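The block underneath contains the structure these notes are about, expressed in structure tokens.
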Ligand SMILES: Nc1ncnc2c1ncn2[C@@H]1O[C@H](COP(=O)(O)OP(=O)(O)NP(=O)(O)O)[C@@H](O)[C@H]1O
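Quick look at the structure:
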């Protein structure tokens with residue numbers, strides 16, 4: 282009986298068909314998630330147990346609502362090009378919460406979840422207009438370059454502890470089909486128990502290309567303006583610049599750069615400028631020098647020498663993640679028991695707001711600000 | 093040259109699947125699952141009148183920002199909304215959404231009356247129906263909406279399968 286057709290002439294809803302193609306998914310999403318309800322009918326008749334009324338209770342959850350200023354900031358912690366990090370608590374409940382401010386647009390490059410023992414576990418995400426905001430588990434023990442400043446470690450069984458435990462830290466990274474490919478003392482955090490959790494590159498950007506063409559208190563000439571631009575080829579296996587390549591061997595190499603700075607106290611290539619690496623770091627071989635402060639074990643030295651060998655394939659293995667554990671440098675440990683052991687240094691903090699292991703100060707630069739509500743929908747549940 | 097009129101919503105033929113969604117899941121607190129479905133039905137309806145925005175059996179209307187943002191402000195009033203942990207709800211909310219599920223309708227069938235005319239023309243036509251069917255078959259499930267209230271949209275309600 283009925284008839285006609287086909288108008289679609291108006292500015293009006295230019296895009297408002299967005300309702301149509303969105304809601305379908307929200308309906309698809311609605312459906313499955315309500316058969317996600319049927320994680321019930323799991324049905325144990327198995328036990329002879331209670332009785333004892335109803336052993337089932339579930340809120341269940343909520344998809345809730347959010348904001349900043351629902352967050353009472355405790356203190357500042359760190360910064361970046363994408364954004365700024367912090368230490369905060371939730372104004373409502375109160376809690377130990379790390380806080381990551383970052384840049385959405387404008388930020389470029391416009404997969405995997407989580408977990409592991411060795412990695413800072415990301416809680417969740419939300420964003421306002423310009424900035425991205427995060428929560429991760431707060432790790433009270435600062436970062437590793439921060440520890441290197443206050444005392445440039447004299448190591449041995451201190452560092453024997455800090456590698457190993459870092460080998461395993463990367464172990465789960467590569468095991469999970471990843472290369473962290475950012476090996477930084479400040480990419481590494483120390484937990485309450487004195488052990489290590491590294492967050493991840495995250496993944497926040499930057500690169501060195503192609504090249505540039507121009508034409558004990560005396561050793562405290564470390565801490566040079568921190569960075570506040572960064573990053574240096576502290577590590578930067580020179581398989582990255584130049585071209586594509588690498589895999590794991592970038593990471594192990596990059597840990598040779600941290601072995602050095604732990605023992606004798608500086609990036610081997612310490613450039614005093616940004617671009618004396620690539621340079622030195624590109625080259626090495628000839629440009630890797632071992633000073634006459636002549637104390638080191640053979641085993642500690644030989645290790646940085648198989649670390650700072652190439653990414654080299656061909657005759658050999660590298661081939662790593664093990665053969666690496668095989669090294670005589672490591673007496674033990676059981677490679678498990680390391681998780682619970684006296685950490686040569688466990689942070690002494692009088693309270694839980696203690697920032698004592700982070701350098702407050704100030705800078706105030708995020709070349710962004712002009713200057714002048740979020741959502742939750744997931745599957746699983748924590749903790 | 094310069095004359096207008098009113099209504100006429102008819103008829104049917106739309107969208108997909110069936111039912112079973114609006115049913116309270118096993119062993120879930122009702123007060124939650126209410127707030128859930130209504131905190132959906134709002135944004136979706138507003139996303140639909142967000143399509144018909146401006147362009148102006176019904177009031178003189180074109181108020182509806184006055185009517186909807188009453189609810190936009192009232193869904194953002196935290197004290198009716200069990201956000202925190204296990205922190206619970208008044209259950210005097212019965213007066214609240216026996217009012218509030220049905221405020222939504224008064225825009226709903228208002229769109230259906232006069233402005234479901236344009237709805238078709240978009241060729242969104244079939245979404246409005248099952249979404250309304252879902253809003254309804256939620257309300258007809260829980261008696262959340264009173265019966266006498268439903269008069270103007272009753273014809274579309276007569277449909278093949280809704281609830
Ligand atoms: N949960 C935490 N525990 C300890 N330190 C943290 C925590 N969250 C953030 N930080 C600090 O924030 C600093 C830097 O944050 P980060 O995400 O690394 O900035 P970035 O420029 O994005 N990444 P990177 O270049 O490796 O520093 C770290 O070095 C830590 O000092």
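Residue numbers (the UniProt record's numbering), protein chains in the order written: chain V, 282 to 391, 404 to 508, 558 to 714, 739 to 749; chain P, 93 to 148, 175 to 281.
Beta carbons are placed, not taken as given, at the ideal position from N, Cα and C, and that holds for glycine.
Using a CB distance cut-off of 7 Å, residue 583 (chain V) does not count as an interface residue toward chain P.
Annotated three-state conformation of residue 359 (chain V) is strand, per DSSP. In terms of Cα proximity to residue 704 (chain V), the closest of V:561, V:669, V:356 is V:356. For ligand 1, no non-hydrogen atom lies closer than 6 Å to the CB of residue 218 (chain P). With a threshold of 6 Å, the Cβ atom of residue 497 (chain V) counts as near ligand 1, since some heavy atom of the ligand is closer than that.
For residue 456 (chain V), there is no enclosing beta strand (DSSP E); the enclosing alpha helix (DSSP H) has its first and last residue at 452-468. Per DSSP, reduced to three states, the secondary structure at residue 565 (chain V) is coil, with no helix or strand assignment.
One alpha carbon belongs to residue 419 (chain V), the other to residue 349 (chain V), and they sit about 9 Å apart.
Scanning chain P for C-beta atoms nearer than 7 Å to the C-beta of residue 339 (chain V) yields 119, 120, reported in chain order.
A residue is called buried when at least 16 other Cβ atoms come within 10 angstroms of its Cβ; residue 111 (chain P) does not meet this threshold and is exposed.
Between residue 603 (chain V) and residue 609 (chain V), the CB-CB gap stays under 7 Å.
Residue-level contact check: residue 187 (chain P) does not touch chain V, since none of the beta carbons of chain V fall below 7 Å from its beta carbon. Out of V:466, V:591, V:673, V:499, the CA that lies nearest to the CA of residue 406 (chain V) is found in V:466. For the set V:476, V:749, V:439, the Cα lying nearest the Cα of residue 456 (chain V) is the one of V:476. Residue 436 (chain V) has its Cβ nearer than 6 Å to a heavy atom of ligand 1. Neighbours of residue 249 (chain P) across chain V, judged by C-beta separation under 8 Å: 304. By alpha-carbon distance to residue 642 (chain V), the top candidate from V:567, V:452, V:683, V:659 is V:452. In this structure the stretch 630-648 of chain V does not lie against the stretch 560-576 of chain V, because fewer than three pairs of beta carbons, one per stretch, are closer than 8 Å. In the three-state scheme derived from DSSP, where H, G and I count as helix and E and B as strand, residue 436 (chain V) is classed as strand. In the three-state reduction of the DSSP assignment, residue 139 (chain P) falls in the helix class, which pools H, G and I. Taking the Cα of residue 646 (chain V) as reference, the smallest distance to any Cα among V:628, V:597, V:623, V:435 is reached at V:597. When distances are taken from the beta-carbon of residue 358 (chain V) to the heavy atoms of ligand 1, the shortest one is below 6 Å. Residue-level contact by beta carbon fails for residue 221 (chain P) and chain V, as no gap is shorter than 7 Å. For the 7 Å CB-CB criterion, residue 622 (chain V) and residue 615 (chain V) do not form a contact. Residues of the stretch 317-333 of chain V with a C-beta less than 9 Å from any C-beta of chain P: 318, 319, 321, 322, listed in chain order. Residue 349 (chain V) has a beta carbon lying at 7 Å or more from every beta carbon in chain P. The closest CA to that of residue 599 (chain V), considering only V:588, V:589, V:612, is found on V:612. If you draw a 10 Å sphere on the C-beta of residue 450 (chain V), you find fewer than 16 other C-beta atoms in it, and that means exposed.
Per the coordinates, the alpha-carbon of residue 687 (chain V) lies some 35 Å from the alpha-carbon of residue 501 (chain V).
Not a single CB atom of chain V sits nearer than 7 Å to the CB of residue 228 (chain P). Contact note: residue 289 (chain V) reaches chain P through 239, 240, 241, using a C-beta cutoff of 8 Å and chain order.
Residue 297 (chain V) belongs to the set of residues whose beta carbon lies under 7 Å from a beta carbon in chain P.
The continuous stretches of alpha helix (DSSP H) do not include residue 428 (chain V), which lies in the beta strand (DSSP E) extending over residues 424-430. Judged by DSSP in its simplified three-state form, residue 221 (chain P) adopts helix. When the alpha-carbon of residue 224 (chain P) is set against those of P:114, P:197, P:121, P:137, the nearest one is in P:137.
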